Amino acid sequence: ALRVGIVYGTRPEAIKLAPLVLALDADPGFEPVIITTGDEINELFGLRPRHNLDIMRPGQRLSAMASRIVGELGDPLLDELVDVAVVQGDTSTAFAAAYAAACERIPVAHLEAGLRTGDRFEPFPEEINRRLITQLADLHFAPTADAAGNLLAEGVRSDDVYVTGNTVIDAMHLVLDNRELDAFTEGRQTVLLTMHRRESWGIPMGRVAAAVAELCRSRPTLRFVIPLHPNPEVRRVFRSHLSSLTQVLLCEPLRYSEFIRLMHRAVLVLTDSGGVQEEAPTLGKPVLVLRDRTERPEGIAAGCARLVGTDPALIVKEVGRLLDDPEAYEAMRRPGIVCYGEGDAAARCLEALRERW
Amino acid sequence: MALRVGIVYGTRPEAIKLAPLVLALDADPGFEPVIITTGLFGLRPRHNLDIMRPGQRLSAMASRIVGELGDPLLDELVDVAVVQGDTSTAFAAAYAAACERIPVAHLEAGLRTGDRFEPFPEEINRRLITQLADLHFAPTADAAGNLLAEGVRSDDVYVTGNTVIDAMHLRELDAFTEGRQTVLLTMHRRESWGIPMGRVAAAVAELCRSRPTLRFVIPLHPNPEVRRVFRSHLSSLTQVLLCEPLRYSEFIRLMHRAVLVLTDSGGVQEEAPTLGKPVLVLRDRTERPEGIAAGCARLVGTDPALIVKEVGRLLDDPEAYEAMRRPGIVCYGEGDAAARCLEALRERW
Ligand code: NA
Ligand code: NA
């Protein structure tokens, strides 16, 4: 049976790999072997790591992380007799893991391959990681035809590229199968607002807080759920502005299951998160991006996402249009699924693996 | 404050091709070269990391270089890092530089065999370095073309040529070779060991018997199985000197004196034609096909009849000799390449 290495270090990697892992378990042709470089999410999907290297820490030098992964991942890959190594996305784990696999002459498959902003070292190091992984990988699981196109421009052979789609829709269905969050949202149009980036802290958060106030004052039927940042100085702003409004629930940081349950119930999503810009349109949610740029420009091009920055007049206007113009809402909802790839992607990865090996 | 240019290498061939760029960066008042090593020209290393060893795991080498090169690059306030060729140093160094947001320039960029993981890890290294580098010093138009196929912007690619010709210009086997036409024969590859080395040994014997005026110098590999064959066949021949591995200065001096070169070395397939030496390649394939196309090299395998024939033609037909000598020297790129690298650096930064 083909022994398939699954290497990740972070929650977003684990979420996108889980449906491939589960499908590799179920199919008798393959044996998945999970090695981590970075637990809640392991328990939620039923992922049982065989090795936990414990490399990654907060505020560790990129060079230190890469060095430990490049130095230490080979031995467990060899001990577990791994035939192929799968890495995911644009992470420094995925790059360092792929180089480690290539040093032992172990073929690499890449889940979610071919995404390009066309903006060198923006973001850093995600953009260079993508291009390095693309040179190391024998097999490329592209989420869309456009992604596949980008791999060809970088010298990848057509026979190595499969349009597999995106596993994230399958991972979110798996967690779709709570106290007041259900009571607060039921019967109402609810906005999910996640705002967490460091450049968003202080003044911009206040500007977004004022927009929420305005919308709540104009639209009595409208509700907002706003997860508060775990840093007391940061969560101070939203409390000082919004705690007295009955139409606004300020909650503690959410676990993944509660979070995507809430996102599924919401009518639209306001976020500065690259992850949420992908997840929300995949569940059919129009996204306003609380930034003047994005790491996911595909959503802007397809029209399932819209840059709104932290301008309160624009946020009010843009939220209004979507609540009042069912045409406007659909023109963001329709392109949203299929923008980041079709679902049932795990099965398409297995076919490509069964064909090559 | 001059533009501080990091020069990172671990091996002799890197150091050889970088030396003329280093010397030119020294001379020019707009730049300051800073040599960091990972493993005769007047190269002054500022930091020597004794990372590399014989028979060390690639993953161990890459890990130490990726982990340890950043700090010295930052301490020495390096603005740009230059790496050379297809080495694991050049790749690991480039990633280390990129982690500290230091731009990378690549000397001898764009060579592609079109044969994935052959050789390993040189072929993947080339493609990784190409993604990391901001500036590409391609030795030829064809190399530049290969960088575009992998998504490199035309603005970042300069046809600089090849520094190796400039680097090369910088007793008992003297007695043996003086006044005679001397053939240099270097043979090391594993697939060549045993029977094929005997076939090459027999060709040398035949040529020596037919041409009493002809001489051969054959540096012996440190592998006893290689020394055994050559000894059994060639130790009794007066016209054949079997010597120990040569120092680089004596080796290039010998190659300059030689009338032609027989080799299974990719390095020598480049160096010999660059000094105007016709090359017979002791292989059925090559990682330097440009030399075959230009006609300064010829595949001869280990076929004794062909070796005899091919050596004969060149020794007897001075027209045939020139038709292999001329297309060398600028087959692997034009010279004066260091100056072209400086121009490209001064243009971008
Ligand atoms: Na299985
Ligand atoms: Na200088």
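Here, residue numbers run from 1 along each chain following its sequence as written; these need not agree with the numbering used in the entry, and residues that have no coordinates do not appear. Here every chain gets a letter starting at A, and every ligand a number starting at 1, in the order they are written. Neither water nor hydrogens contribute to the side-chain values; these are computed over all heavy atoms in the structure. Residues with missing side-chain atoms are left out of burial classes, side-chain pairs and their counts.

1. Regarding the overall build of chain B
Formally: Under the scheme used here, helices are H or I runs from DSSP no shorter than 4 residues and strands are E runs no shorter than 2 residues, and both carry numbers assigned from the N terminus.
Broken down by element type, chain B carries 16 helices and 13 strands. Its C-alpha atoms give chain B principal-axis dimensions of about 65 × 40 × 40 Å.

2. Focus: the coordination of the sodium ion (ligand 2)
Formally: Metal-coordinating donors are taken as N, O and S atoms lying within 2.8 Å of the metal, or within 3.2 Å when the metal is Na, K or Ca; because water is left out, some sites can appear incomplete.
Bound to the sodium ion (ligand 2) are the protein donor atoms B:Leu25 (O), B:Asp26 (O), B:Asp28 (O) and B:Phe31 (O), situated 2.3 to 2.8 Å from the metal. Spacing between the donor residues of the sodium ion (ligand 2) along the chain follows L-D-x1-D-x2-F.

3. Here we look at the UniProt feature "binding site: UDP" (unreviewed entry) in chain A
Residue and element names in this part refer to chain A. Here is the rule: UniProt positions are given in the numbering used here, feature names are shortened, and annotations may be inferred rather than shown by experiment. For cavity detection a 1 Å grid was placed over the protein atoms alone, and a set of points counts as a cavity when a 1.4 Å probe fits there but cannot get out; an open set counts as a pocket when protein lies on both sides within 12 Å along at least five of seven lines, with lining residues being those that have an atom within 4 Å of a point. Residue contacts are counted whenever heavy atoms from the two residues lie within 4.5 Å of one another.
UniProt's feature table lists "binding site: UDP" (unreviewed entry) at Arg11, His196, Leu254, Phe259, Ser273, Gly274, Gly275 and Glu279, given in the numbering used throughout. As for the lining of the largest pocket, the annotated residues named previously contribute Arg11, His196, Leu254, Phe259, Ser273, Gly274, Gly275 and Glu279. Examined against the element boundaries, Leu254 turns out to sit in the loop between β10 (248-251) and α12 (256-265). The contact partners of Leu254, leaving out residues within four places of it in the chain, are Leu181, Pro227, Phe259 and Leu262. Tracing the chain through its elements places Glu279 in helix α13 (residues 274-282).

4. Focus: the UniProt feature "binding site: UDP" (unreviewed entry) in chain B
Residues and elements named next belong to chain B. For the record, the criterion: Think of it in three bands: residues with accessible area under 20% of the maximum for their type are buried, residues over 50% are exposed, and the middle band is partly exposed, with areas taken using a 1.4 Å probe on protein chains only. In protein, a polar contact means a hydrogen-donor-capable atom and an acceptor-capable atom, both N or O and within 3.5 Å, with residues adjacent in sequence counting only if both atoms are side-chain atoms; elsewhere, any N or O pair within 3.5 Å suffices.
The sites that UniProt annotates as "binding site: UDP" (unreviewed entry) are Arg12, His188, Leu246, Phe251, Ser265, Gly266, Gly267 and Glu271. None of the other annotated residues line the second largest pocket; only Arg12, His188, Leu246, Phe251, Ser265, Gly266, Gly267 and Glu271 do. Apart from the residues lying within four places of it in its own chain, the contact partners of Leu246 are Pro219, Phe251 and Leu254. Residue placement: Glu271 occurs in helix α12 (residues 266-274). Take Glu271: its relative accessible area is 6%, and that puts it in the buried class. Filtering out sequence-adjacent residues up to four positions away, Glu271 remains in contact with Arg12, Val164, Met168, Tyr248, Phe251, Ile252 and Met255. There is a polar contact of 2.8 Å between the side chain of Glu271 and the side chain of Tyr248.

5. Here's the deal with the interface of chain A and chain B
Selection rule: Accessible area, probed at 1.4 Å, shrinks when two parts are joined; the buried area is that loss added up over both. In the sections that follow, a salt bridge refers to a side-chain nitrogen of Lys or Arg positioned within 4 Å of a carboxyl oxygen of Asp or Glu.
Counting residues at the interface gives 30 residues for chain A and 30 residues for chain B. Between chain A and chain B, roughly 2,700 Å² of surface is buried when both sides are summed, and carbon and sulfur atoms account for 53% of that area. Three residues stand out in chain A for area buried against chain B, namely A:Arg61, A:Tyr99 and A:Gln135, and they jointly supply 22% of the buried area on that side. At the junction of chain A and chain B, the tally comes to 6 salt bridges. Note that A:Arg120 is salt-bridged to B:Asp134, the shortest N-O span being 3.5 Å. Between the two partners, chain A and chain B, sit 14 residue pairs in polar contact.

6. Points about the packing of helix α4 (residues 88-99) of chain B against helix α5 (residues 122-132) of chain B
All names here are of chain B. Just so we agree on the cut-off: Lines fitted to C-alpha atoms define the axes, with helix axes restricted to the stretch in contact, and inter-axis angles between N-to-C directions lie between 0 and 180 degrees. Put simply, angles under 35 degrees are roughly parallel, angles over 145 are roughly antiparallel, angles from 65 to 115 are roughly perpendicular, and the rest are oblique. Each crossing gets its hand from how the near helix is turned against the far one by less than a right angle, where anticlockwise is left-handed and clockwise is right-handed.
Where α4 contacts α5, the two axes come as close as 9 Å, and the packing angle between them is 25°. Compared by their axis directions, α4 and α5 come out roughly parallel. Crossing angle aside, the handedness with which α4 passes α5 is left-handed. Two secondary-structure elements touch here, α4 through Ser88, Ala90, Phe91, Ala94, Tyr95 and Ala98 and α5 through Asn125, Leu128, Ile129 and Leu132.

7. Digging into empty space enclosed by the protein
A probe as big as a water molecule, rolled over the atoms, marks out the empty space that is left. Residues and elements named next belong to chain B. The condition that has to hold: Grid points are joined across faces, edges and corners, and a volume is the space filled by probe spheres set on the points. Three classes are used: nonpolar for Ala, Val, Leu, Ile, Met, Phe, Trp, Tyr, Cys and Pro, charged for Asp, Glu, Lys and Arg, and polar for all others, with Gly counted as polar. Reported domain spans reflect what an automatic or database domain assignment gives.
The calculated volume of the largest cavity comes to roughly 80 Å³. Residue lining of the largest cavity: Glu108, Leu111, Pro139, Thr140, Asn162, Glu270, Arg288, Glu290, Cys331 and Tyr332, and that is the complete set. When its residues are assigned to classes, the lining of the largest cavity shows 4 nonpolar, 2 polar and 4 charged. Each of domain 1 (1-171 + 333-349) and domain 2 (172-332) gives at least three residues to the lining of the largest cavity.

8. Remarks on the sheet that holds strand β7 (residues 157-159) of chain B
All names here are of chain B. Let me state the cut-off plainly: Only when DSSP finds a minimum of two bridges between them are two strands counted as paired.
The strand order across the open sheet formed by 7 strands is β3-β2-β1-β4-β5-β6-β7, and the pairing between neighbours is parallel. Of all strands in the sheet, those bounded by a partner on one side alone are β3 (45-48) and β7. Within this sheet the neighbouring strands show an average axis-to-axis angle of 25°, counted without direction. Helix-sheet contacts for helix α6 (residues 141-149) involve β6 (135-138) and β7, and the interaxial angle to β7 is about 170°.

9. Re the nonpolar core
Just so we agree on the cut-off: Side-chain atoms within 4.5 Å are what join buried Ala, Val, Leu, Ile, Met, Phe, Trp, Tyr and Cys residues into a set we call a nonpolar core.
Counting 64 residues, the largest nonpolar core has A:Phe95, A:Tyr99, B:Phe91 and B:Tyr95 as the members making the most contacts within it. Not counting residues within four places of it along the chain, the set of residues in contact with A:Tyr99 comprises A:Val70, A:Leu136, B:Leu58, B:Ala62, B:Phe91 and B:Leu128. Formed by 52 residues, the second largest nonpolar core is a distinct cluster that contains A:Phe30, A:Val84, A:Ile169 and A:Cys349.

10. Some thoughts on the coordination of the sodium ion (ligand 1)
When a metal carries six donors in an octahedron, the ideal angles between them are 90 or 180 degrees, while four donors in a tetrahedron ideally lie at 109.5 degrees. Protein-derived coordination of the sodium ion (ligand 1) comes from A:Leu24 (O), A:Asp25 (O), A:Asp27 (O) and A:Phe30 (O), at a distance range of 2.3 to 2.7 Å. Each donor residue of the sodium ion (ligand 1) lies on one chain, and together they are spaced L-D-x1-D-x2-F.

11. A few points about the domain arrangement of chain A
All names here are of chain A. The domain boundaries assigned to chain A delineate domain 1 (1-179 + 341-357) and domain 2 (180-340). Just the C-alpha atoms count here: the centres of domain 1 and domain 2 sit 29 Å apart. Listed as interface residues are 22 residues of domain 1 and, on the opposing side, 21 residues of domain 2. The junction of domain 1 with domain 2 conceals about 2,000 Å² of combined surface from both sides, 59% of it contributed by carbon and sulfur atoms.

12. Focus: the side chain of A:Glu318
All names here are of chain A. Here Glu318 shows up in helix α15 (residues 312-324). Residue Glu318 is classed as buried on the basis of its relative accessible area, which comes to 13%. Apart from the residues within four sequence positions on either side, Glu318 is in contact with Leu288, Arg306 and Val308.

13. So, the layout of surface pockets
All names here are of chain A. Space inside the largest pocket adds up to approximately 1,800 Å³. Every residue lining the largest pocket is counted, 50 residues in all, and those nearest its centre are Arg11, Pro12, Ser273, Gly274 and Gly275. Class assignment of the residues belonging to the lining of the largest pocket gives a composition of 17 nonpolar, 14 polar and 19 charged. Each of domain 1 (1-179 + 341-357) and domain 2 (180-340) gives at least three residues to the lining of the largest pocket.

14. With respect to the domain arrangement of chain B
All names here are of chain B. When its domains are assigned, chain B resolves into domain 1 (1-171 + 333-349) and domain 2 (172-332). Between the C-alpha centres of domain 1 and domain 2 there is a distance of 31 Å. Counting residues at the interface gives 18 residues for domain 1, matched by 20 residues for domain 2. Going through the elements one at a time, α1 (12-27) and α7 (164-169) are the ones with two or more residues in the side of domain 1 that touches domain 2. Within the side of domain 1 that touches domain 2, the residues separate by chemical class into 9 nonpolar, 4 polar and 5 charged.

15. A word on the pattern of salt bridges
Proximity of charged atoms lets side chains of opposite charge pair with each other. Residue and element names in this part refer to chain A. Applying the stated criterion across every chain yields a total of 53 salt bridges over all chains. Measuring nitrogen to oxygen at the nearest pair gives 3.5 Å for the salt bridge that ties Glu80 to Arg3. For the pair formed by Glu80 and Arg3, the shared burial category is buried. Connected via shared salt-bridge partners are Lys16, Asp90, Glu112, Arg130 and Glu278.

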